[PDB]
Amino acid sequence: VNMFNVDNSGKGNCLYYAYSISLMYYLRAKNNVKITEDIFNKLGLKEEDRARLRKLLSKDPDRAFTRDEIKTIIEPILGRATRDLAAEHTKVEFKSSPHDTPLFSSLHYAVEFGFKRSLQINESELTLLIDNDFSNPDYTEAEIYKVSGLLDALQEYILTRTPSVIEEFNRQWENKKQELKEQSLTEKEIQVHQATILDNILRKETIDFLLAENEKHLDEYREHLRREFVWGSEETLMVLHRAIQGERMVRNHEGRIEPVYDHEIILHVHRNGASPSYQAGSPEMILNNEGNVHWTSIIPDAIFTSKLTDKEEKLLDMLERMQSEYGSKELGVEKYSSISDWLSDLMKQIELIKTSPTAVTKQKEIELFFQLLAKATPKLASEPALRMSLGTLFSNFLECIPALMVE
């Protein structure tokens, strides 16, 4: 049950490495070439990078990506591309509609708290209309508060703008009082009307702070998210997935807003290996968080399944590369003229071990395998590099013996 798991090198780039690996497995399963190129367009990939990734997506869908393929092509190309896209679409969403943004909803908590404190230092009774002691962790652990110096700048901004807030509040309540001339307001009712007016002023204050001096602080958040090795949080993993799918909120014939996608991809988030307790979809991408310090990739069974262990994949990939490096050489032994025909026969013999039914039959395929290794030994140790290749090949084999012995 969605139990593959694939790690990454992450030196702080884990979210984006893990997203990239999860995505490339998805893109290969969804064999569609217009999905693949559309995602590449969103990521702004240049053509030589697209060529390298397309060659990886051509790989046999029943064989996993190797550790070297992940470390040398997938993480260097897509790690930066997804990080860039997530930081940039964070700003895009804010410019599109600032109030709908996680940045606004999370930073506004500090803004309201600060205005409570600043209003009280300024001896204004508006400080009473706010309840906020800046203790709610649902807000305080957002990424915006981990930006260096941001709360310092937010405090001098709020101290700057408090008197204008007081005057603007008075303006709108004078207008609201005269709009409610003919109604008889209880003092609790007047307090709800006032708290609402102050609320709306403060909401614009949060957005204006981010936008001030041509979007200085908004840009600081983008550049923070974009800095190499900065730890990704799930807020921006989520911005990133909205961007990759091409999600747009669009108004329709009746005037109702509904989400529109270019390419829908079902994403789930797991914690410490555990799937959610509740029933959602059959996911196409799964990202796994480990103890709030690391991110990894869980590959759904419907999206790829190989019947080799990661050690078994390592052994067979190494044999295929031995077959490409030495295969043309001569191996004057028996029927085998090539070393490549010998290596192919090694590959088939290892699979015959894997599929052999019981321990007694596995033992005889193991015996035939050692005799295959024996047949080539006279000629294969009078070659320098290939004797070294035989040794590592053998140790790789020993590493998959626990897996091979299961049948």
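From 1 onward, residues are counted along the sequence shown.
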(message) Test of understanding: from the entry's C-alpha B-factors, which stretch has the higher mean, 358 to 366 or 23 to 31?
(response) 358 to 366
(message) If you take the mean CA temperature factor per stretch, which one wins between 371 to 379 and 36 to 44?
(response) 371 to 379
(request) Pick out which of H193, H89, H294, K335 has the highest C-alpha B-factor in the PDB entry. (result) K335
(message) Looking at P283, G327, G232, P98, which one carries the largest C-alpha B-factor according to the PDB entry?
(response) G327
(request) Would you please rank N252 by its C-alpha temperature factor against the other modelled residues of its chain and give the third it falls in: lowest, middle or highest? (result) highest
(message) Please place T206 in the lowest, middle or highest third of its chain according to the CA B-factor in the PDB entry.
(response) lowest
(request) Would you mind ranking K176 by its C-alpha B-factor against the rest of the chain and naming the third, lowest, middle or highest? (result) highest
(request) Would you please rank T127 by its C-alpha temperature factor against the other modelled residues of its chain and give the third it falls in: lowest, middle or highest? (result) middle
(request) Just say lowest, middle or highest third for the CA B-factor of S389 relative to the other modelled residues in its chain. (result) highest
